[PDB]
Each structure stands twice: as structure tokens, then as C-alpha cells.
């Protein structure tokens, strides 16, 4: 009948990239339940979104009744940790086994056979991954992933796998007029980009230098800045200027975050199913 605000369950929410993308698309968000452990990430989300996010702490403490009463959910998104997918413990040991939890809760949030209401879901992981692990993930999600690289809409390499049932996940990725496509577009004043794109930025500080420092300032080599990484990933400037965090902590948060333009591309079809502004 009438479009209603979207209700979202986000697992491994990080710095609330999903809520930010949904709000920037103009979609009304009726409820955003986020499962997240890192206190700095929760602080970022809380401050930047003014308490519109209901945080529920660890994903493994979410119960079936929790999914029943917090719900119903229109969207179920998830982004498992990728530090185990050299001491890697694979999909089944360490923190890779968290993926199944997502799967678990996903089946708890699905509507029944008689319920034909709109319900969308998405799961993100890294491409660098055992082919057997990708096989098992495709098995448990009963579908195959799309591979999207942020380089077509951002100034950095970030190839990620996305499983889900969103409309047009395989449609071609085209850049927008506002997408800062080159590193120079993401730099502060008086700073020059050595390259046009930067290699995949992880949590460690060894992924900035390309290992040649990416920036030149006053003729001296220099690494990237927090606001520069924020522009690279598509976040608003000072999005992680929270909780007295230095360059290291904000880089840790942004190095595992989602590329905002990629999530925008994936969530754009949702505007034809829920209330907008």
C-alpha cells in the first residue's frame, strides 16, 4: 500500500556506513539495530548519528526472541571481520566463524513462506580468501557474490565480494559527478599526490606508502591524513574525529570500513521500496 521507513539490522556495523548511506540516499530510516563491539566505532556512530542507532553489542548474544521483538526487519546487512579470511585460521576458526552468526540471524529475520513483504539482505567480505571458504559462504547464503572494486568510484583499490538479493547487484558501476576519483581530489591544501590511485588500505600503517610515501608537502614526503583517508573512502570529512582518536585509530577504523560510493551503488535501488524525503 504505502511506503514505510526502512528497518535495518546491521551486523559488524563498524562506523555505521550503512546508516550513513541510507540517510544520504534520502531513505527514511525507522529503525537501525547495529551489532558492534569496538567502542571507538560505537562512539563514532553514536556521535555522528545522534543516537538514532540502537546498539546491541556482541552478535553472538542476539537471541531468536531478540530478532522477534526488535523486528520486523526490511534490510539485513553484514560485514564480517577479515583478519582471518599468515596466522590465518580460515572461515571455521578464529573470527571467521562469526560469518555463520550472520547467516544464523539472517534466517531469523527472513519472512515466512506466506509473507511476501519486501526483504533485502547483503553480506560483504574480502576477495583475498580461500576458494573453499568462498564456496562455503556461497553455499550457506545459497547464492554467488558480485565482485566490486571501489576504484571505479573512488581513488583507491578495494575489491570486495558482495552476496545478497538487492536489485541490480550485477549492474555496471558508473561514477557520479561528486565522486573524488583521484588521490589529488582527496588531499588537503598545499599537498600533492604522487599517484592517481592508492593501493588497498588495510588497518596496518604499511598500506599507505605505495613503499613510497603517497604525498609530497613542502617538497618533503609524507603519508596520508585522516581527512584524506575519509575523502578516499567517501566518508564526510571529520567523520572519525571522535573520542580523541589519533591518526592510528582513525586509520584502523577506516581501513576496514566500506567504500561509501560502493554501498551507495548497492543501496540505490532501495529508494523504490521505502519512504524517502
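Residue numbers count along the first chain shown, from 1.
Exercise for the section: Indicate whether the chain is continuous between residue 210 and residue 211 or, if not, how many deposited residues are absent from the coordinates: none, 1 to 3, 4 to 9, or 10 or more. Expected result: The entry has a short gap there, with 1 to 3 residues left out between residue 210 and residue 211.
Exercise for the section: Mind giving me a quick count class for deposited residues absent from the model between residue 85 and residue 86? Options are none, 1 to 3, 4 to 9, 10 or more. Expected result: 4 to 9 residues lack coordinates between residue 85 and residue 86.
Practice task
On mean C-alpha B-factor from the PDB entry, just flag whether 150-158 or 189-197 is the higher one.
Solution key: If you average the C-alpha B-factors of 150-158 and of 189-197, the larger mean comes out for 150-158.
Practice task
Return whichever of 213-221 and 228-236 has the greater mean Cα B factor according to the PDB record.
Solution key: Looking at the record's C-alpha B-factors, the answer is 213-221.
Exercise for the section: By the entry's C-alpha temperature factors, tell me which of 124, 136, 74, 182 sits highest. Expected result: By C-alpha B-factor in the record, 136 ranks first.
Problem - Top residue by Cα temperature factor, when 106, 166, 143, 175 are compared in the entry - result: The C-alpha B-factor peaks, among 106, 166, 143, 175, at 175.
Practice task
Name the third of the chain's ranked CA B-factors that contains residue 78, choosing lowest, middle or highest.
Solution key: Bottom third by C-alpha B-factor.
Problem - Ranked C-alpha temperature factor of residue 60 among modelled chain residues, by third - result: Residue 60: CA B-factor falls in the highest third of its chain.
Practice task
Divide the modelled residues of the chain into thirds by Cα B-factor and specify which third, lowest, middle or highest, holds residue 28.
Solution key: It falls in the top third of the chain.
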